[PDB]
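So the structure is just underneath, and the comments pick up after that.
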Amino acid sequence: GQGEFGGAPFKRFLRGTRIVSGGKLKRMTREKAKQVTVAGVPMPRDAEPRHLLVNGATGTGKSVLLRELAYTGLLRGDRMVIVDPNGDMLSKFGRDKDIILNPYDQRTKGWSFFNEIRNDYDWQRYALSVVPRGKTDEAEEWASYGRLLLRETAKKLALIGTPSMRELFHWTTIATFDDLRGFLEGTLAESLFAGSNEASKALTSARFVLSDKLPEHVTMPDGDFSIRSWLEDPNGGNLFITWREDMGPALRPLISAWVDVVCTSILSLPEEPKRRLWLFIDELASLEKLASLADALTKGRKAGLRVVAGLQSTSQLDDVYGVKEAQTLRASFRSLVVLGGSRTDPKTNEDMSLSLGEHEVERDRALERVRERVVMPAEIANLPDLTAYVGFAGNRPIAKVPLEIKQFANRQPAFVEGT
Amino acid sequence: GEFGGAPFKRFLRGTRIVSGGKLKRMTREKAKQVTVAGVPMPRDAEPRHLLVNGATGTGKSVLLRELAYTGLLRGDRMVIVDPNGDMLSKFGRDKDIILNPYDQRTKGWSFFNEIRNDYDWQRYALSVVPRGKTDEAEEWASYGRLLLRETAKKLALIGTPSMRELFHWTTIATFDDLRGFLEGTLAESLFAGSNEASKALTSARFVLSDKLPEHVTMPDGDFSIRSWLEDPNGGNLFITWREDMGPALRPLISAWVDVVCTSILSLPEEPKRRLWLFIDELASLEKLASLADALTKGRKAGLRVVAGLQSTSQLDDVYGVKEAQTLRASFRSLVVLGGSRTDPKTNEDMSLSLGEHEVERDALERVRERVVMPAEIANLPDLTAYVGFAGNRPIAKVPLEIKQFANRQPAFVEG
Amino acid sequence: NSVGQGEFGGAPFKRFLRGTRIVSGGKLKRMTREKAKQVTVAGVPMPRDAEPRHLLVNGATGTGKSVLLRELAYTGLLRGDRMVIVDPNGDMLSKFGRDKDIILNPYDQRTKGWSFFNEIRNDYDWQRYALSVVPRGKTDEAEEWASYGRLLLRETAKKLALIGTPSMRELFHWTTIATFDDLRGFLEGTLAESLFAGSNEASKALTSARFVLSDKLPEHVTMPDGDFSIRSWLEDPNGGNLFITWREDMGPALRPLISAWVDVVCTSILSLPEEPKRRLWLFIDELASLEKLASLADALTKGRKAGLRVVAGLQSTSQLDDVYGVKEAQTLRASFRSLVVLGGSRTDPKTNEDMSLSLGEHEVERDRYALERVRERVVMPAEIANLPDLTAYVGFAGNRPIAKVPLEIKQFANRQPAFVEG
Amino acid sequence: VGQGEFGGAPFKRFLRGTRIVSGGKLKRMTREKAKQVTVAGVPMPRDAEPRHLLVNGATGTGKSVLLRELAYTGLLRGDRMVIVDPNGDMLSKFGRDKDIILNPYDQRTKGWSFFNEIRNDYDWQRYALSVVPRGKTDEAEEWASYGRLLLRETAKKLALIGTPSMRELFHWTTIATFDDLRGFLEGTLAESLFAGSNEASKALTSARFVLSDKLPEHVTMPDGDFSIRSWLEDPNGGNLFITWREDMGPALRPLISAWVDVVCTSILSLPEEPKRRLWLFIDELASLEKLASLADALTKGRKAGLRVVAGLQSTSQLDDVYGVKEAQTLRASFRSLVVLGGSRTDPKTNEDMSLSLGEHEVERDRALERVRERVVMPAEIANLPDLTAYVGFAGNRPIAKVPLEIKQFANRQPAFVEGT
């Protein structure tokens, strides 16, 4: 037990979590093939499609660690989608062949979920992306009505030839109740939304849900861009989802929609043994409760999906997905990075400490067997910023390593106001 | 050697851990057996079920594949909830069955094919409309089943057991027309008379509009899962689906699994019958109405259930904390492939399930400790499992072997 | 350290101080052995004074609960005791059923004819047995509806009995088939006339009642009719034993009917005339499979004068919480004074900890090679998780030590067919 | 060197916490000059009487025996008392000729209706609170609230028009048509409150249902002019036995609860009488409804000389009736405790009773060691032989494990006498 373990040195390590020096770990994870790095430590190739969760408070260095991972991944020639706040990564790594999705950036592609519909089963599939899962069981009940209204109205507008978001928005939120009812006639939603006060209530509810989710889909520049098509296009570049932060709350549902689209879509890609696709989520708890994320993290190995998500508050993720599902979600990331919580959040520091784990050891007093936290909650609360604990999936020791704020030159403007 | 902690002088009580080899030696029996991570399964443990708990990528599919394989080598019949037809492509024989609305080789089916007696109506309505997540959601499901069983019962009477017609009436016909159709059935007056009754009907329509879709588009036929179970030949059943269509087929796939679960309870007394039920992921299905009884009352029918579980937290979400516990407790044998290090709560849970032991070491010292620390589970290499069979048997840390199986058929064939 | 050797799975000790004492099966049999004729629990004679304080048999599936209950019932029959048995698949009926015994199973040729009408003696019996037909709601709201259902039930049935037509078919028609309006008219003249009319709330209440009754009454309607009265049967000294059977593929459908019968028994014994020598057993295979009974609790608490002895199996304490709710489920379990632990599954460490705790700890002094005082579980949760099947921990009420004893699968020949299609 | 009363290891010195003493030693300590009542043979400190006693124990542990002994010794002292007496057991043993009986189905019962307790105008809500006890849930209590409004206004009017009939009250509140009731209510405070919107109609409907559940037994109750308030004030009044045959417990639950609550509110109005001593025996606290006045009676009845003794078989059941918070406050209102032990099937309760008994800090030989431990382990409570109790009086008194004696009492009267 060396100067890597912050506690008392020991004679022998019995069981539990082993802690090693940053150098030792880099030595251990170093592999023949080209690798991406996590805080200077090469990531085991087999760990990539098992995902990485970067947990740490504000200012701890999450964006720095994600920037480095994206970079080294780019150096290896990997394709990737990046939920990029303020277009930071777009400005540093954006190539000419790359895509931009941002309703207010002039360089943005034109799109509407209509562009992702291939089969009839895709209507509900993407209605689930446009209208994410409700926060509460009741909110999800409403969302359920909203999706019905959405998929039926949209399916019809597509049939009559005018797949216009402006139209869809008019019918679902502007047309009088009765006119809407009439428009619905002939669709699976005709009768379901009529006959009782309950049915009328369900319709009213659906209207309200769509009135909240659709707005930005409307104002979003039209085009033929298809995320599904883009994913299949080998020569497709990388996708940068950007937005100015003063408009985060407004774009929350559109951005969530795009992330979810990617998540469901990869499950439809043709068997491609060599494909490697990254999905960078700056902050997992800032998006809405996504419907397909969980499955993408569990079933996207065949598609070569590699998800890297930052999380500033485990508590916020519980608020968004609910406690049970938030745990299942976090449990779907096999590799972890702890940047530490704030000393104002002892509950999170304990969680991170627990996550890192205990070790059983023998020390010279004869000999004493002692179980202890490899990293105490207090050590985490006092972690200097830009310092991280790296715990890759499987039987690997953890290591306290420092993050380096590499400098990257602006290869492109982060934002270009759309006219 | 096998115990990760400090070696000891004497074992007193609790969980005994043993080497993989020693366990194989202990579990080894005369009769032909199936294997769990290479460990022969005690014959008596088969009908007491096995729960394979482990995070993503820990090797659950591999373990279930081995188990199924060895059970096949023994000539055992089985039903397999098979995602992407992986097991169908490897073990599907020519006499075997396929249930998949989008696969050309699928059998035709509608729950109507399972009705023999009058009580079967509610029995299978429970399959088509699984238990609600919440008490309120189950209240609506309850109305949905009423509307379903009464509508379906009448169609069967007039001679038109059409899934298409069922769907029409339950969700397309106008409120008033449906009302008229229901006249003469037990649901006539129950759905009329007050706002509350109208609300109930509306709720029913919505439930059925969510559950029935895939039953309607399902290629129709005369195939009966009950008749299948009785048929000594029958073959094996592979319930497949392409994963990009999982969420849409969730209710139909759940319906089939539940149909099996209730149906075995009606099978004629058959002492040597052996039937396996492989569920890739228990928490991905809806809250099944008959699983629990099937796990508790299926010994006489020879039902052997093997279910994977990636998140205990997710099962709680689907069944509720109380009922999920009862459900997990219904499996007598356990396998732990370990949680992620991002889920310390689950590692603690598996550690606790593995158990403590009281031991003497060193003026000797008496100590109680976990045979397997939560931290040992979080650092478990993938394809490594802890096998804890039912009864008084020690546990063992054994490696899983990725056996290679050649494709003896195509996983999916579009219709 | 010449103590704890053999019985106690932990380290042998010098002196026992306080807490739970564990003894060998042989020694317990020695200690509970009594002069009078006794029934046995896993081969251990049950203290006579413990009989009317009830027994809870807790254990996961396959642990041997049925074997234990079978043994207890058998030894009780050898002593000539009367008993009611909730008998799944008529297993006990097939082995212990005699000619003078009764059967209640709507689909068995041998069943007696019955309807709750047969139990009405006084005016207060209408609500009393309405509580049996319509068990307590799972939730507060569900119970509110059941409440409206009992109101609709007792008033409708009361009138049918008055006009001379006590028909379950007529009762079912009015309560769930007749139109809202006709029902209202039928109710005119009854206590339910105006309670179900006048506002949307009242209409909603009526609608709710209809639904409850639509769920509960079915099997009562199809139940072969007759004049058999469980109350009269209990009072009949020469009455035999009652077997409540059903084929398991029909358990769910029969749940409310069977629950009704069990509850009828529980309320009725409280009305039995004082008979100091009366001994009546109630065997419940699985307590959590029945509905939330309205009278079980009082029967477990106030039935000693009637000579009521209840033996209930329980596979999941969690399932019981789900049926009765956590508070009431605890109170219910606490109503049984003697306990048997057949051990949970290793997949359920929470129940094993529960069972371990229930068995209790002991404080003991041990030689360190200078004495050490230590508190510990007599039985570790892990010991319960590794308990071989057909093994039980018997803990009788009062100051009795516990013992780890094996269950013997005694063989009984079929003295009658389990089920006879009707 | 710690002695035979503490079940654990003997110790050198006692430092702090709960002291356990032998039964004999405690009797010696609590023994007083004045005449006393006994708890499991232990004389009860006179100052502990008006601070109440809670007898906690599973079924068959001996609660009824203990309460019977207490009542008996209280009678020997000439104390007046109200007894919630199941099956008339105590009535049959201690019932004198001058005593009162309240039981709708016993021929010896007095005639009564809550109308008999109304003196002032504020008594209408006061006793409506007795007839319609607190709701189990916040919503149930909202309905109960509407029920009390309907009850007090309807009853107030019937009293005015001269026909204070329970049958009339019941007709209007649950039989008359919605509209007729509305008309009857015109002119009362409830006229407009129950009209004007769907919400108002819903409230009225709710009230009807509540009353339909609570009033039945009040209607069938033999009428008479007996007043519990007047009885309490009557010096020469005897004792009151509230009896019922157990097969009718559920049906009588609301009526019996009403009577118990009537007593609880009523003593708060009794004239200042320094020498008054009145006992209230409740066989099982959690079997009654959620009483509205019990709490105040336990807290403000010392001036009236109220002494409450209540049995409690399940603390969990009391939580169910009163709610966890209020149930705790209620139990905390009893200053003296008796533990007869839980069942071994209820380790949670045994831990509760163990904790209640408390720990002690002690010094033992084994250099000396300071140790904190439970005076009574949860396991000792689970193995407690029946008819054995731990007595812990209020204040700074040690506890003691004492056995209960099943004294025999001869039937001085029939327990029940079929009405009519």
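If you're wondering about the labels, chains in the structure tokens are A, B, ... by order shown, residues count from 1 in each chain, ligands from 1 in order shown.
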May I ask you to extract the residues of chain A within 6 Å of chain B, using only C-alpha atoms, and to give them as a list in words? residues 14, 15, 16, 17, 191, 195, 198, 267, 268, 324, 328, 331, 334, 355, 357, 394 and 395 of chain A
Write out as a Markdown table a residue-level contact list of range 327-353 of chain D versus range 291-303 of chain D with cut-off 9 Å: for each qualifying residue the closest pair of atoms and the distance in Å to one decimal, counting only C-alpha atoms, rows sorted by chain and residue number upward.
| residue | atom | partner | partner_atom | distance |
| --- | --- | --- | --- | --- |
| D:329 | CA | D:295 | CA | 8.2 |
| D:330 | CA | D:295 | CA | 6.1 |
| D:333 | CA | D:298 | CA | 6.1 |
| D:334 | CA | D:298 | CA | 7.3 |
Residues of chain B near chain C: apply a cut-off of 6 Å, count only C-alpha atoms, and supply the list as an mmCIF file with N, CA and C atoms, in the first residue's frame.
data_model
loop_
_atom_site.group_PDB
_atom_site.id
_atom_site.type_symbol
_atom_site.label_atom_id
_atom_site.label_comp_id
_atom_site.auth_asym_id
_atom_site.auth_seq_id
_atom_site.Cartn_x
_atom_site.Cartn_y
_atom_site.Cartn_z
ATOM 1 N N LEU B 12 -17.468 -21.496 10.835
ATOM 2 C CA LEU B 12 -18.494 -21.766 11.832
ATOM 3 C C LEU B 12 -19.886 -21.899 11.252
ATOM 4 N N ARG B 13 -20.372 -20.824 10.640
ATOM 5 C CA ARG B 13 -21.712 -20.820 10.055
ATOM 6 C C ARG B 13 -21.863 -19.752 8.977
ATOM 7 N N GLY B 14 -22.929 -19.880 8.194
ATOM 8 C CA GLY B 14 -23.191 -18.923 7.141
ATOM 9 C C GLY B 14 -23.007 -19.491 5.750
ATOM 10 N N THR B 15 -22.525 -18.658 4.841
ATOM 11 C CA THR B 15 -22.319 -19.085 3.473
ATOM 12 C C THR B 15 -20.938 -19.671 3.286
ATOM 13 N N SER B 189 -74.925 -2.373 -18.688
ATOM 14 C CA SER B 189 -75.214 -1.390 -17.663
ATOM 15 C C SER B 189 -74.020 -0.889 -16.859
ATOM 16 N N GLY B 193 -75.080 5.034 -17.323
ATOM 17 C CA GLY B 193 -75.780 5.534 -16.154
ATOM 18 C C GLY B 193 -75.240 6.757 -15.442
ATOM 19 N N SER B 194 -73.945 7.036 -15.570
ATOM 20 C CA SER B 194 -73.365 8.199 -14.896
ATOM 21 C C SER B 194 -72.126 8.702 -15.623
ATOM 22 N N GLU B 196 -69.285 8.922 -14.208
ATOM 23 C CA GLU B 196 -68.268 7.989 -13.751
ATOM 24 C C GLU B 196 -68.200 6.753 -14.644
ATOM 25 N N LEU B 265 -50.748 -24.313 -15.860
ATOM 26 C CA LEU B 265 -51.546 -24.665 -14.690
ATOM 27 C C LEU B 265 -52.747 -25.514 -15.068
ATOM 28 N N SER B 266 -53.041 -25.577 -16.363
ATOM 29 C CA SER B 266 -54.173 -26.352 -16.844
ATOM 30 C C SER B 266 -53.763 -27.656 -17.513
ATOM 31 N N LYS B 322 -42.831 -4.190 -3.223
ATOM 32 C CA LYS B 322 -43.353 -5.373 -2.527
ATOM 33 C C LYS B 322 -43.485 -6.605 -3.421
ATOM 34 N N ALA B 329 -37.950 -13.548 -4.896
ATOM 35 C CA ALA B 329 -37.930 -14.595 -3.878
ATOM 36 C C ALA B 329 -38.530 -15.902 -4.373
ATOM 37 N N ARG B 332 -35.467 -19.924 -6.544
ATOM 38 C CA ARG B 332 -34.681 -20.491 -5.452
ATOM 39 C C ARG B 332 -33.175 -20.539 -5.669
ATOM 40 N N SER B 353 -26.973 -10.703 -0.614
ATOM 41 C CA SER B 353 -27.640 -11.936 -1.021
ATOM 42 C C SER B 353 -26.667 -13.110 -0.974
ATOM 43 N N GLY B 355 -24.401 -13.449 1.119
ATOM 44 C CA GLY B 355 -24.303 -13.810 2.524
ATOM 45 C C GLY B 355 -22.993 -13.645 3.264
ATOM 46 N N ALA B 363 -5.002 -17.121 20.973
ATOM 47 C CA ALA B 363 -6.143 -16.200 21.265
ATOM 48 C C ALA B 363 -6.988 -15.921 20.014
ATOM 49 N N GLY B 391 -31.044 -24.393 -1.570
ATOM 50 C CA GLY B 391 -30.723 -25.306 -0.496
ATOM 51 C C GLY B 391 -29.352 -25.065 0.094
ATOM 52 N N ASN B 392 -28.884 -26.068 0.829
ATOM 53 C CA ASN B 392 -27.601 -26.031 1.505
ATOM 54 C C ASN B 392 -26.449 -26.405 0.581
#
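Residue neighbourhood of residue 99 in chain A, excluding near-sequence residues (fewer than 2 positions): residues 97, 101, 237, 238, 239 and 240 of chain A, at 7 Å, using only C-alpha atoms.
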Distance of CA of residue 81 in chain C from CA of residue 115 in chain C, expressed in Å to one decimal place: 26.5 Å
For chain C, work out the contacting residues on chain D at 8 Å, counting only C-alpha atoms, and write them as a PDB file with C-alpha atoms, in the first residue's frame.
ATOM      1  CA  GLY D   7     -31.096 -10.737  32.792  1.00  0.00           C
ATOM      2  CA  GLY D   8     -27.686  -9.768  31.487  1.00  0.00           C
ATOM      3  CA  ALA D   9     -24.288 -10.130  33.124  1.00  0.00           C
ATOM      4  CA  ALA D  58     -49.870  -9.105  22.233  1.00  0.00           C
ATOM      5  CA  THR D  59     -53.012 -11.244  22.364  1.00  0.00           C
ATOM      6  CA  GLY D  60     -53.156 -13.634  25.286  1.00  0.00           C
ATOM      7  CA  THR D 174     -80.082   9.649   4.709  1.00  0.00           C
ATOM      8  CA  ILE D 175     -83.596   8.768   3.496  1.00  0.00           C
ATOM      9  CA  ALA D 176     -85.349  11.989   2.453  1.00  0.00           C
ATOM     10  CA  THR D 177     -84.673  12.874  -1.158  1.00  0.00           C
ATOM     11  CA  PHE D 178     -81.827  15.254  -1.879  1.00  0.00           C
ATOM     12  CA  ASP D 179     -84.294  18.033  -2.617  1.00  0.00           C
ATOM     13  CA  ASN D 198     -71.536  20.496  -8.159  1.00  0.00           C
ATOM     14  CA  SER D 201     -73.831  18.788  -3.987  1.00  0.00           C
ATOM     15  CA  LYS D 202     -70.852  16.458  -3.749  1.00  0.00           C
ATOM     16  CA  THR D 205     -73.695  13.480  -0.814  1.00  0.00           C
ATOM     17  CA  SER D 206     -70.500  12.860   1.180  1.00  0.00           C
ATOM     18  CA  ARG D 208     -75.128  11.590   3.727  1.00  0.00           C
ATOM     19  CA  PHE D 209     -72.798   8.618   3.334  1.00  0.00           C
ATOM     20  CA  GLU D 246     -68.196  -9.560  20.243  1.00  0.00           C
ATOM     21  CA  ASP D 247     -69.894 -10.916  17.144  1.00  0.00           C
ATOM     22  CA  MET D 248     -71.306  -7.391  16.944  1.00  0.00           C
ATOM     23  CA  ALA D 251     -71.291  -2.835  13.908  1.00  0.00           C
ATOM     24  CA  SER D 314     -50.712  -3.512  18.421  1.00  0.00           C
ATOM     25  CA  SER D 316     -49.011  -0.708  14.478  1.00  0.00           C
ATOM     26  CA  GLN D 317     -52.829  -0.837  14.554  1.00  0.00           C
ATOM     27  CA  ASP D 319     -50.840   4.031  13.835  1.00  0.00           C
ATOM     28  CA  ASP D 320     -53.393   2.834  11.322  1.00  0.00           C
ATOM     29  CA  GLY D 342     -45.083  -8.878  21.725  1.00  0.00           C
ATOM     30  CA  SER D 343     -45.240 -12.113  19.772  1.00  0.00           C
ATOM     31  CA  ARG D 344     -42.024 -13.573  18.365  1.00  0.00           C
ATOM     32  CA  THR D 345     -43.665 -13.038  14.970  1.00  0.00           C
ATOM     33  CA  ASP D 346     -43.442  -9.302  15.611  1.00  0.00           C
ATOM     34  CA  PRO D 347     -39.762  -8.450  16.220  1.00  0.00           C
ATOM     35  CA  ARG D 366     -13.490  -7.583  32.930  1.00  0.00           C
ATOM     36  CA  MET D 377     -33.404  -7.319  25.212  1.00  0.00           C
ATOM     37  CA  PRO D 378     -35.992  -7.592  22.420  1.00  0.00           C
ATOM     38  CA  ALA D 379     -35.436 -11.363  22.540  1.00  0.00           C
ATOM     39  CA  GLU D 380     -36.220 -11.445  26.280  1.00  0.00           C
ATOM     40  CA  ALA D 382     -40.286 -12.298  22.698  1.00  0.00           C
ATOM     41  CA  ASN D 383     -39.647 -15.158  25.156  1.00  0.00           C
ATOM     42  CA  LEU D 384     -41.611 -13.610  27.997  1.00  0.00           C
ATOM     43  CA  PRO D 385     -43.864 -16.259  29.487  1.00  0.00           C
ATOM     44  CA  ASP D 386     -47.503 -15.153  29.443  1.00  0.00           C
TER      45      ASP D 386
END
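Nearest to residue 403 in chain A of all the residues A:388, A:366, A:227, A:80 is A:388, based on only C-alpha atoms.
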Calculate how many Å separate CA of residue 145 in chain C from CA of residue 143 in chain B, rounding to one decimal. 14.7 Å
Shell around residue 83 in chain D at 6 Å using only C-alpha atoms, local window under 2 positions removed, as an NGL selection string: :D and (85 or 241 or 280-281)
Can I get the selected residues back with C-alpha atoms, as a JSON list (two decimals), in the first residue's frame?
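Done, and the output landed in again.json:
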[["chain", "number", "residue", "atom", "x", "y", "z"],
["D", 85, "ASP", "CA", -66.34, -3.98, 28.77],
["D", 241, "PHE", "CA", -70.36, -0.56, 31.86],
["D", 280, "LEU", "CA", -61.83, 5.16, 32.25],
["D", 281, "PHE", "CA", -60.93, 1.60, 31.26]]
Just the alpha helix (DSSP H) stuff from range 27-89 of chain B, please, per backbone DSSP, written as a list in words.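 Taking range 27-89 of chain B and keeping alpha helix (DSSP H) only, one gets residues 27, 60, 61, 62, 63, 64, 65, 66, 67, 68, 69, 70, 71, 72, 73, 86, 87, 88 and 89 of chain B.
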Once you have the residues from the selection above, write them out as an mmCIF file, in the first residue's frame, restricted to N, CA and C atoms.
data_model
loop_
_atom_site.group_PDB
_atom_site.id
_atom_site.type_symbol
_atom_site.label_atom_id
_atom_site.label_comp_id
_atom_site.auth_asym_id
_atom_site.auth_seq_id
_atom_site.Cartn_x
_atom_site.Cartn_y
_atom_site.Cartn_z
ATOM 1 N N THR B 27 -22.122 -30.885 -7.119
ATOM 2 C CA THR B 27 -23.399 -30.843 -7.819
ATOM 3 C C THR B 27 -23.590 -31.960 -8.835
ATOM 4 N N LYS B 60 -25.046 -12.450 -19.152
ATOM 5 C CA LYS B 60 -26.305 -13.145 -18.915
ATOM 6 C C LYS B 60 -26.744 -13.965 -20.127
ATOM 7 N N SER B 61 -26.706 -13.359 -21.317
ATOM 8 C CA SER B 61 -27.127 -14.051 -22.535
ATOM 9 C C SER B 61 -26.308 -15.319 -22.734
ATOM 10 N N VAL B 62 -24.998 -15.202 -22.578
ATOM 11 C CA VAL B 62 -24.111 -16.348 -22.723
ATOM 12 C C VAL B 62 -24.520 -17.486 -21.792
ATOM 13 N N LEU B 63 -24.762 -17.156 -20.526
ATOM 14 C CA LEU B 63 -25.148 -18.154 -19.536
ATOM 15 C C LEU B 63 -26.470 -18.825 -19.908
ATOM 16 N N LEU B 64 -27.438 -18.027 -20.332
ATOM 17 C CA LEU B 64 -28.734 -18.568 -20.724
ATOM 18 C C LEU B 64 -28.604 -19.440 -21.976
ATOM 19 N N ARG B 65 -27.666 -19.080 -22.850
ATOM 20 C CA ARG B 65 -27.430 -19.828 -24.081
ATOM 21 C C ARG B 65 -26.915 -21.218 -23.706
ATOM 22 N N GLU B 66 -25.904 -21.251 -22.843
ATOM 23 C CA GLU B 66 -25.343 -22.511 -22.376
ATOM 24 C C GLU B 66 -26.427 -23.371 -21.750
ATOM 25 N N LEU B 67 -27.185 -22.774 -20.842
ATOM 26 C CA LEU B 67 -28.248 -23.496 -20.165
ATOM 27 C C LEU B 67 -29.228 -24.099 -21.158
ATOM 28 N N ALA B 68 -29.729 -23.275 -22.072
ATOM 29 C CA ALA B 68 -30.686 -23.735 -23.077
ATOM 30 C C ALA B 68 -30.082 -24.885 -23.876
ATOM 31 N N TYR B 69 -28.878 -24.652 -24.378
ATOM 32 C CA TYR B 69 -28.163 -25.648 -25.153
ATOM 33 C C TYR B 69 -28.131 -27.003 -24.449
ATOM 34 N N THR B 70 -27.552 -27.042 -23.248
ATOM 35 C CA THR B 70 -27.458 -28.278 -22.470
ATOM 36 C C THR B 70 -28.826 -28.916 -22.200
ATOM 37 N N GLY B 71 -29.863 -28.090 -22.089
ATOM 38 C CA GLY B 71 -31.196 -28.613 -21.843
ATOM 39 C C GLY B 71 -31.727 -29.260 -23.106
ATOM 40 N N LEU B 72 -31.284 -28.736 -24.243
ATOM 41 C CA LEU B 72 -31.696 -29.267 -25.535
ATOM 42 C C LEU B 72 -31.021 -30.618 -25.740
ATOM 43 N N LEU B 73 -29.730 -30.680 -25.431
ATOM 44 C CA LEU B 73 -28.965 -31.909 -25.559
ATOM 45 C C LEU B 73 -29.646 -33.009 -24.756
ATOM 46 N N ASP B 86 -31.646 -14.623 -31.841
ATOM 47 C CA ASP B 86 -30.311 -15.176 -31.659
ATOM 48 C C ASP B 86 -30.333 -16.676 -31.361
ATOM 49 N N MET B 87 -31.145 -17.091 -30.394
ATOM 50 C CA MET B 87 -31.237 -18.501 -30.046
ATOM 51 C C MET B 87 -31.944 -19.312 -31.132
ATOM 52 N N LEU B 88 -32.845 -18.672 -31.873
ATOM 53 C CA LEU B 88 -33.558 -19.349 -32.953
ATOM 54 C C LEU B 88 -32.562 -19.705 -34.049
ATOM 55 N N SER B 89 -31.678 -18.760 -34.359
ATOM 56 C CA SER B 89 -30.680 -18.962 -35.403
ATOM 57 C C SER B 89 -29.675 -20.055 -35.062
#
Which residues in range 196-274 of chain D does DSSP call strand (DSSP E)? List them as an NGL selection string. :D and (240-244)
Pick from C:101, C:51, C:34, C:7, whichever lies nearest to residue 238 in chain C using only C-alpha atoms: C:101
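Taking CA of residue 406 in chain A as the reference point, CA of residue 39 in chain A is found at 10.8 Å.
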Fewer than 5 positions away in the same chain doesn't count, so skip those; otherwise give me all residues within 9 Å of residue 243 in chain A, counting only C-alpha atoms, as a list in words.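 Neighbouring residues, sequence-local ones excluded: residues 84, 85, 86, 87, 101, 102, 103, 104, 105, 248, 251, 255 and 415 of chain A.
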So that I can see what lies close to range 295-304 of chain A, please list as a PyMOL selection string the residues with an atom at most 8 Å from it, counting only C-alpha atoms and leaving out residues fewer than 2 positions away in the same chain. (chain A and resi 49-51+263-264+266-267+269-277+292-293+306-307+332-333) or (chain B and resi 56+243)
Shell around residue 321 in chain D at 7 Å using only C-alpha atoms, local window under 3 positions removed, as an MDAnalysis selection string: chainID D and resid 136 286 289:290 317:318
For the selection just defined, write its residues with N, CA and C atoms to a file, as a PDB file, in the first residue's frame.
ATOM      1  N   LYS D 136     -60.032   8.651   9.116  1.00  0.00           N
ATOM      2  CA  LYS D 136     -58.755   7.952   9.073  1.00  0.00           C
ATOM      3  C   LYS D 136     -57.752   8.780   8.263  1.00  0.00           C
ATOM      4  N   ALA D 286     -56.941   0.719  20.098  1.00  0.00           N
ATOM      5  CA  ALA D 286     -56.978   0.698  18.633  1.00  0.00           C
ATOM      6  C   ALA D 286     -58.208   0.074  17.987  1.00  0.00           C
ATOM      7  N   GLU D 289     -62.717   4.066  17.157  1.00  0.00           N
ATOM      8  CA  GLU D 289     -62.392   4.915  16.027  1.00  0.00           C
ATOM      9  C   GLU D 289     -61.393   5.947  16.516  1.00  0.00           C
ATOM     10  N   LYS D 290     -60.975   6.831  15.619  1.00  0.00           N
ATOM     11  CA  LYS D 290     -60.037   7.883  15.968  1.00  0.00           C
ATOM     12  C   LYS D 290     -60.824   8.933  16.759  1.00  0.00           C
ATOM     13  N   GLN D 317     -51.406  -1.029  14.808  1.00  0.00           N
ATOM     14  CA  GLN D 317     -52.829  -0.837  14.554  1.00  0.00           C
ATOM     15  C   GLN D 317     -53.263   0.564  14.977  1.00  0.00           C
ATOM     16  N   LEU D 318     -52.686   1.068  16.059  1.00  0.00           N
ATOM     17  CA  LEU D 318     -53.013   2.404  16.524  1.00  0.00           C
ATOM     18  C   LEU D 318     -52.514   3.428  15.492  1.00  0.00           C
TER      19      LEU D 318
END
